[PDB]
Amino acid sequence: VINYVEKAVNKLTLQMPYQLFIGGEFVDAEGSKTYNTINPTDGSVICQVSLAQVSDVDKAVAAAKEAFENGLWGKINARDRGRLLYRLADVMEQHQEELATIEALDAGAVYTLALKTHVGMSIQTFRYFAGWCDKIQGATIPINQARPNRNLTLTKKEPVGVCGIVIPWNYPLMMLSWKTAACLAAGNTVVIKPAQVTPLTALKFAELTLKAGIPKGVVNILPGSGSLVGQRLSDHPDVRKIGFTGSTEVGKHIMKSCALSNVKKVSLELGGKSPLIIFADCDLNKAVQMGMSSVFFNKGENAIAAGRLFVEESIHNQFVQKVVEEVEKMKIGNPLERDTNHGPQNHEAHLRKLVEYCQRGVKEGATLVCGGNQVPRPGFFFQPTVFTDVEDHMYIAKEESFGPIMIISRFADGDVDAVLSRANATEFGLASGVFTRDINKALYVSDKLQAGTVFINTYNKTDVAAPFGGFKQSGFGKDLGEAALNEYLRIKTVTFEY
């Protein structure tokens, strides 16, 4: 029997585990230490959650090690590993409303969006990678023959072993799911560190692995701090790969920590300052809808959010007027209410950061067209914000806000290479977008953009089959698609002479 925090909300009863998940059981942290998780809608404490200590990390890694080396997970057919992950996705679907509601409470996710994206895409992710298990294939290779003898050379794709996954707070279940589904499908075992501020869906997911019959120790979850828990995962001699999503500065530190311990493999999904280039020959009303979406989706807490919009001179003013018209129609409120389409920011410190970010924008000479402030109501709501007259040297032209802040610059009519240059003048390179009806411009622009994803006449169109990853200081390695598996597999070459 598991201890839950119980809550009647959104026409259901939430049953939320709040403890560490180690070796298939929910347990207190060392010293029974706890911390509070905070509801961003009203600022209240949802509940106390166990605070993992170093010895808890070591227990989790040891359970993952044992599950990998001696447990059933390392012994079953790849097909049967697939079946378990497809069952896990089924169980998640059976609990979809509950997961989405927990995500609304914990992260401020608008419930209707959480159901479709945070949760819906997580379910798709497990089903997708479950199908990869018995389709992961090595090669046979026509090497030169040591005559008069013969040679056969094959490769075997094997699991990397014990993995550590460290994730951010913006889509807690979804980021967990993207990386965990690939990690498990490849036959690995894992210790997961959710962001300290958003532990709840991770711990509920942990319970769901029990319902799905995932063997004990295959999945371990440690709410706790990056500087303590995340650090120990990166340092651990028995961890063989870290999958990381978060800030560029933390990613640098993780990669360093991987190097200094045992050269564990690492993948990094880092920040973004993604440019969206909107040409005069686009469909304007549709550009407004998708442009707003590119920024405001999930209250801007989205690594691929367009952090910079370049709008062609002749449509700029009309674009801005229409955006302001639409912004005014947005319903800001409780993420659980059906009319809400803009929820609170994830946590208080992040709201403060956004208020300061916009002050700096104003101070440096950008035009604040609307928003810029906290919404005067309980919780941590921030106004959808539009800046114009943004110049390339400005702080807000360079820094990732990670909030609902549209940052608009003009470019001259007929210019193409000039705007590309400005769009590429960043050490980030996660995503980018272009709106145009012109086939030649679209294809040329997608070639020239220095970003791991280019959207054409859409934005935020991620898919579980489409690889997602950055260039330059946005990191390396892919989440999603077949390519994600390569971060969680090793290749063994076997060469016979006969």
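Numbering starts at 1 and runs along the sequence shown.
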**Message:** Please compare 486 to 494 with 15 to 23 and name the stretch with the higher mean C-alpha B-factor in the deposited structure.
**Reply:** 15 to 23
**Message:** If you average the CA temperature factors as listed in the entry, which stretch comes out higher, 109 to 117 or 367 to 375?
**Reply:** 367 to 375
**Prompt:** Between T248, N220, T125, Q96, which one tops the list for C-alpha B-factor in the PDB entry?
**Reply:** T248
**Request:** Quick one: which of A206, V362, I141, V190 shows the highest Cα temperature factor in the PDB entry?
**Result:** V362
**Item:** Record-listed C-alpha B factor of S267: chain third
**Value:** middle
**Item:** Where the record places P384 (Cα B-factor, split into thirds across the chain)
**Value:** middle
**Message:** Going by the CA temperature factor in the PDB record, which third of the chain does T155 belong to: lowest, middle or highest?
**Reply:** lowest
**Item:** Entry-reported Cα temperature factor of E312, expressed as the chain third it lands in
**Value:** highest
**Third of the chain's Cα B-factor distribution that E66 belongs to, per the entry** = middle
